[PDB]
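Okay, structure first, notes after.
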Amino acid sequence: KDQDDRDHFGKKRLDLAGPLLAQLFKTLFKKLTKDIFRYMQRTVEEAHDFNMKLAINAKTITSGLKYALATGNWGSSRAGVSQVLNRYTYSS
Amino acid sequence: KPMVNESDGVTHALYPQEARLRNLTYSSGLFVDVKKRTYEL
Amino acid sequence: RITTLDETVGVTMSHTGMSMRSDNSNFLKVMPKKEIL
Amino acid sequence: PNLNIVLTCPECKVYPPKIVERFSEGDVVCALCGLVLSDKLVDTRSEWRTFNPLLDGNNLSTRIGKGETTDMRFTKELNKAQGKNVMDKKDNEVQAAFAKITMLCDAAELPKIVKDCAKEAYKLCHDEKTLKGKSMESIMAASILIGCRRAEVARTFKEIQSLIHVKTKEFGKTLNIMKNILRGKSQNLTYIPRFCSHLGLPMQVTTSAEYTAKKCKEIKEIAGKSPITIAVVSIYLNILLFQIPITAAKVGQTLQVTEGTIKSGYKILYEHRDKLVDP
Ligand SMILES: [Zn+2]
Ligand SMILES: [Zn+2]
Numbered sequence: 393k394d395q396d397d398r399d400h401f402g403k404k405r406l407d408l409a410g411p412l413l414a415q416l417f418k419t420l421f422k423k424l425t426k427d428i429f430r431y432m433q434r435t436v437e438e439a440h441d442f443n444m445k446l447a448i449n450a451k452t453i454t455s456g457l458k459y460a461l462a463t464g465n466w467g474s475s476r477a478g479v480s481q482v483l484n485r486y487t488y489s490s
Numbered sequence: 099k100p101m102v103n104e105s106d107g108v109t110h111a112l113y114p115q116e117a118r119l120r121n122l123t124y125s126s127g128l129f130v131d132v133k134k135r136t137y138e147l
Numbered sequence: 251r252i253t254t255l256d257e258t259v260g261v262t263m264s265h266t267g268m269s270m271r272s273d274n275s276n277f278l279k280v294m295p296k297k298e299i300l
Numbered sequence: 016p017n018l019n020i021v022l023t024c025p026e027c028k029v030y031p032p033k034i035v036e037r038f039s040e041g042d043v044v045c046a047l048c049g050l051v052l053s054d055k056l057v058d059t060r061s062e063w064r065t066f084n085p086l087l088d089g090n091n092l093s094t095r096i097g098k099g100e101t102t103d104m105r106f107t108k109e110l111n112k113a114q115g116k117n118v119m120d121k122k123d124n125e126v127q128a129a130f131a132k133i134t135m136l137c138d139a140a141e142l143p144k145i146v147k148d149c150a151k152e153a154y155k156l157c158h159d160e161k162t163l164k165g166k167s168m169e170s171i172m173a174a175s176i177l178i179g180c181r182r183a184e185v186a187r188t189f190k191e192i193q194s195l196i197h198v199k200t201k202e203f204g205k206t207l208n209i210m211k212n213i214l215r216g217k218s234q235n236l237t238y239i240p241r242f243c244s245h246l247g248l249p250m251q252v253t254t255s256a257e258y259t260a261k262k263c264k265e266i267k268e269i270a271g272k273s274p275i276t277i278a279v280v281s282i283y284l285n286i287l288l289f290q291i292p293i294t295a296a297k298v299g300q301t302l303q304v305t306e307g308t309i310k311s312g313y314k315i316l317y318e319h320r321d322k323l324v325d326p
């Protein structure tokens, strides 16, 4: 048998917004859970009252999605993913 | 659905035209049913 | 599929941040010297 | 000692420099005899292209993080060295205080202007003698409320109280002496659209409660008994004028107001119903 070809297009997989936002939302969700648990351990360890507004933050998901879809990086791993739409003509 | 929360505190529906004119971000809010339990074990 | 809440937003957005409603759920709330001698 | 360069025209010498600055040619010229005053003009926009004194001051610092090709042992030794020199300056409280205040403001969904005003207020107070404690919670809550009052925003005491348990009384004293600090370093209408947003009411009911709020502020009688009850009874009347039904229990449990208070204000308000009609 010949050496396995890597240029075969069938062995290649493309990634649209689905997989990218799956990785991104996955990591951001993990960080969210870790931070919430950190607030839980701080609450039970320092012996105080609990609050739902200080445990679950929204700027981690908002800053993660807004920052990743705002800049070219998808977090340098990946760059040049997001580009400004070219409105020179319709075929462009 | 897509929405916008302004500076004074009012949140209304967003359209892509007004999103482009006001330099906003066309996004939608996300909620989660968070369940809590306490075991004593 | 994911269910889209159809309300007037302002109610849910009011329940997000400060809504003047706290508590409502219990979770992570936690001499005479001779006689003494 | 002097060090002030003043450009004058030796040929004109008839008036202080009333000159013109030619940026395209890079010169500055007297607008009278047309004689140039200086060549090779520097720019401020061009040096700014590559790149906070209001809060950080003139202090400089640089981070040490891991490198492309480095060892994890050296990264820890450099960070532990900075951990021993962190006591040389008492500015660790400003970064941690601004971090927790950042978390609370980000939790309250307030704009960045109120965040910067609150950080500026906490920087004005910081560690003075008249503060004398308050366990860092009351100066943060009171600083957020001050930054809210400065940015023309409206947040009730029960809202920040719902965020932070400051025991109200000590919060009021710390807010009072803090206001004295601000005075030593030298409006209910905004609440209506917020509660109308909490109830999801149309714009006509919002501006109707605006005119009702102003008129009720002009009629006197009761005067206020805190503006919150005036707001909730004003919205209660403006919503009993139309047909959208909420009753008194739902609006009393949503806005956290007593039913007997909105009915007590609805009585005299119904008595003054005459002069409150806009159209
Ligand atoms: Zn001298
Ligand atoms: Zn001249």
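Residue numbers (the entry's author numbering), protein chains in the order written: chain R, 393 to 467, 474 to 490; chain P, 99 to 138, 147; chain Y, 251 to 280, 294 to 300; chain G, 16 to 66, 84 to 218, 234 to 326.
Ideal Cβ placement from N, Cα and C applies to all residues, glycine included.
Proximity of residue i and residue j at Cβ, strictly below 8 Å
| i | j | result |
| --- | --- | --- |
| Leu446 of chain R | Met135 of chain G | yes |
| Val43 of chain G | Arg37 of chain G | yes |
| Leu323 of chain G | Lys262 of chain G | yes |
| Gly312 of chain G | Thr276 of chain G | yes |
| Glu141 of chain G | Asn121 of chain P | no |
| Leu246 of chain G | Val279 of chain G | no |
| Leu207 of chain G | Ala174 of chain G | yes |
| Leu112 of chain P | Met101 of chain P | yes |
| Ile448 of chain R | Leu420 of chain R | no |
| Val118 of chain G | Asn111 of chain G | no |
| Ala256 of chain G | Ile269 of chain G | no |
| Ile309 of chain G | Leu248 of chain G | no |
| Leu52 of chain G | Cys45 of chain G | yes |
| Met210 of chain G | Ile176 of chain G | no |
| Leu416 of chain R | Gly456 of chain R | yes |
| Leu87 of chain G | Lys151 of chain G | yes |
| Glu62 of chain G | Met270 of chain Y | no |
| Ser244 of chain G | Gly260 of chain Y | yes |
| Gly107 of chain P | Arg241 of chain G | yes |
Start and end residues, alpha helix (DSSP H) containing residue i
| i | result |
| --- | --- |
| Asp148 of chain G | 144–157 |
| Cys45 of chain G | Note, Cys45 of chain G: premise wrong, no alpha helix (DSSP H); beta strand (DSSP E) at 42–45. |
| residue 468 of chain R | What the structure lacks is residue 468 of chain R: chain R is numbered 467, then 474, with the residues between left out. |
| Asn285 of chain G | 274–287 |
| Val298 of chain G | 294–301 |
| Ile192 of chain G | 189–195 |
| residue 470 of chain R | There are no atomic positions for residue 470 of chain R here, as chain R continues from 467 directly to 474. |
| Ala117 of chain P | 114–119 |
| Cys48 of chain G | First-last for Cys48 of chain G: undefined, no H or E at that position. |
| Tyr238 of chain G | 238–246 |
| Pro31 of chain G | Here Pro31 of chain G belongs to no alpha helix (DSSP H), and DSSP marks it neither H nor E. |
| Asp88 of chain G | 85–88 |
Backbone secondary structure at residue i - three-state DSSP
| i | result |
| --- | --- |
| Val259 of chain Y | coil |
| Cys263 of chain G | helix |
| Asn208 of chain G | helix |
| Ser167 of chain G | helix |
| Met294 of chain Y | coil |
| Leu446 of chain R | helix |
| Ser125 of chain P | coil |
| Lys314 of chain G | helix |
| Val21 of chain G | coil |
| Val324 of chain G | coil |
| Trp63 of chain G | helix |
| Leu177 of chain G | helix |
| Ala183 of chain G | coil |
| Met270 of chain Y | coil |
| residue 74 of chain G | Any structural detail on residue 74 of chain G is unavailable, because chain G resumes at 84 straight after 66. |
| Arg476 of chain R | coil |
| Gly271 of chain G | coil |
| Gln234 of chain G | coil |
| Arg215 of chain G | helix |
Element boundaries [beta strand (DSSP E), containing residue i]
| i | result |
| --- | --- |
| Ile34 of chain G | 34–37 |
| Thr109 of chain P | 109–111 |
| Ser53 of chain G | 51–53 |
| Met101 of chain P | 101–103 |
Point to revise | Entirely enclosed alpha helix (DSSP H) segments - the segment 102–139 of chain G, minimum 4 residues | key: 104–116
Exercise for review: Using a Cβ-Cβ cut-off of less than 8 Å, list which residues of the segment 444–459 of chain R approach chain G; keep chain order.
Suggested key: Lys445, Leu446, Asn449, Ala450, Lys451
Review point. Closer than 8 Å, Cβ to any Cβ of chain G: which residues of the segment 101–135 of chain P, in chain order?
Key: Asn103, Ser105, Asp106, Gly107, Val108, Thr109
**Study point:** Residues in the segment 123–144 of chain G having any Cβ partner in chain P nearer than 8 Å
**Key:** Residues passing the 8 Å Cβ filter: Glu141, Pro143.
Exercise for review: Could you run through the segment 423–444 of chain R and flag, in chain order, every residue whose CB is less than 9 Å away from some CB of chain Y?
Suggested key: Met432, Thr435, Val436, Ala439, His440, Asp441, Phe442, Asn443, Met444
Practice item. Select from the segment 236–260 of chain G all residues with a C-beta closer than 7 Å to any C-beta belonging to chain P, and list them in chain order. Key: The segment 236–260 of chain G vs chain P, Cβ under 7 Å: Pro240, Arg241, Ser244.
Review point. For the segment 171–201 of chain G, which residues have a beta carbon sitting closer than 9 Å to at least one beta carbon of chain Y?
Key: Here the close residues are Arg187, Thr188, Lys190, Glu191, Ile192, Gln193, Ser194, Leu195, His197.
Practice item. With 8 Å as the C-beta to C-beta threshold (strictly closer), list the residues of the segment 256–272 of chain Y near chain G in chain order. Key: Of all residues in the segment 256–272 of chain Y, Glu257, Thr258, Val259, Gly260, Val261, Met263, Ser264, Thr266, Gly267, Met268, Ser269, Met270, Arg271, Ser272 have a Cβ within less than 8 Å of some Cβ in chain G.
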